[PDB]
Amino acid sequence: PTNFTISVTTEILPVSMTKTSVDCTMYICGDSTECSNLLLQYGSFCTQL
Amino acid sequence: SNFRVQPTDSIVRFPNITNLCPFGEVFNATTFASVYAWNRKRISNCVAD
Ligand SMILES: *[C@@H]1O[C@H](CO)[C@@H](O[C@@H]2O[C@H](CO)[C@@H](O[C@@H]3O[C@H](CO)[C@@H](O)[C@H](O)[C@@H]3O)[C@H](O)[C@H]2NC(C)=O)[C@H](O)[C@H]1NC(C)=O
Ligand SMILES: *[C@@H]1O[C@H](CO)[C@@H](O)[C@H](O)[C@H]1NC(C)=O
């Protein structure tokens, strides 16, 4: 080669996503007392989430 | 989670119906109907006691 060129290029990368939290009783029962008292003889499927 | 609020009162709202249902004109009713030509009747505006 006898001459050259300067080239500027672009690269795009994800770094992070959104952070969420879920309330187990409010999603399942929803301020019911008949429910959320039946959802107490089920196991620990709400701390593990 | 939510453990801090408990519902206290309980309210009931029903429409203003006063006359009782005709249980006694469809329950003694000197002559009934044959099974093959059974009788159908509509009931409306009742306090079904
Ligand atoms: C290596 O390549 C570069 C281009 O990347 C050459 O530079 C260029 O030189 C030419 C001739 O001198 C320039 O043309 C001129 O254009 C202007 C109008 O823009 C005009 O008024 C002048 O009379 C002439 O025609 C050209 O623009 C210029 N490019 C850049 C970006 O500067 C360079 O000469 C090459 N070198 C070798 C060793 O071949
Ligand atoms: C049948 O029901 C009507 C409605 O209350 C009543 O007036 C009538 O005395 C009843 N007849 C008998 C035999 O019970």
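A quick note on method: Cβ atoms are made from the backbone with ideal geometry, for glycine too, and the neighbour counts reach across all protein chains shown. Bear in mind these aren't lab numbers, they're just calculated from the coordinates by the rules spelled out.
Answer yes if at least one residue in the stretch B:3-16 is free of Cβ contacts under 8 Å to residues at least 40 places away in the same chain and surrounded by 10 or more Cβ atoms within 10 Å (Cβ to Cβ), and no otherwise. Looking for residues that are free of Cβ contacts under 8 Å to residues at least 40 places away in the same chain and surrounded by 10 or more Cβ atoms within 10 Å (Cβ to Cβ), one finds none in the stretch B:3-16, hence no. Filtering the stretch B:1-25 to residues that are β-branched (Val, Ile, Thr) and either over 30 Å from B:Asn39 (Cβ atoms) or within 16 Å of ligand 1 (Cβ to nearest atom) (or both) leaves B:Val5, B:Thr8, B:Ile11, B:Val12. For the subset of the stretch A:12-25 comprising residues that are part of a loop (DSSP other than H, G, I, E, B) and within 12 Å of chain B (Cβ to nearest Cβ), which member is nearest to the chain's Cα centre (by Cα)? The extreme case among them is A:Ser21.
Being within 16 Å of ligand 2 (Cβ to nearest atom), within 14 Å of the chain's Cα centre (by Cα) and loosely packed, with under 10 Cβ neighbours inside 10 Å holds for only one residue in B:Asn28, B:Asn19, and it is B:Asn19. For A:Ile28, the stated conditions do not hold, so it cannot be described as more than 14 Å from every other protein chain (Cβ to nearest Cβ) and more than 16 Å from ligand 1 (Cβ to nearest atom).
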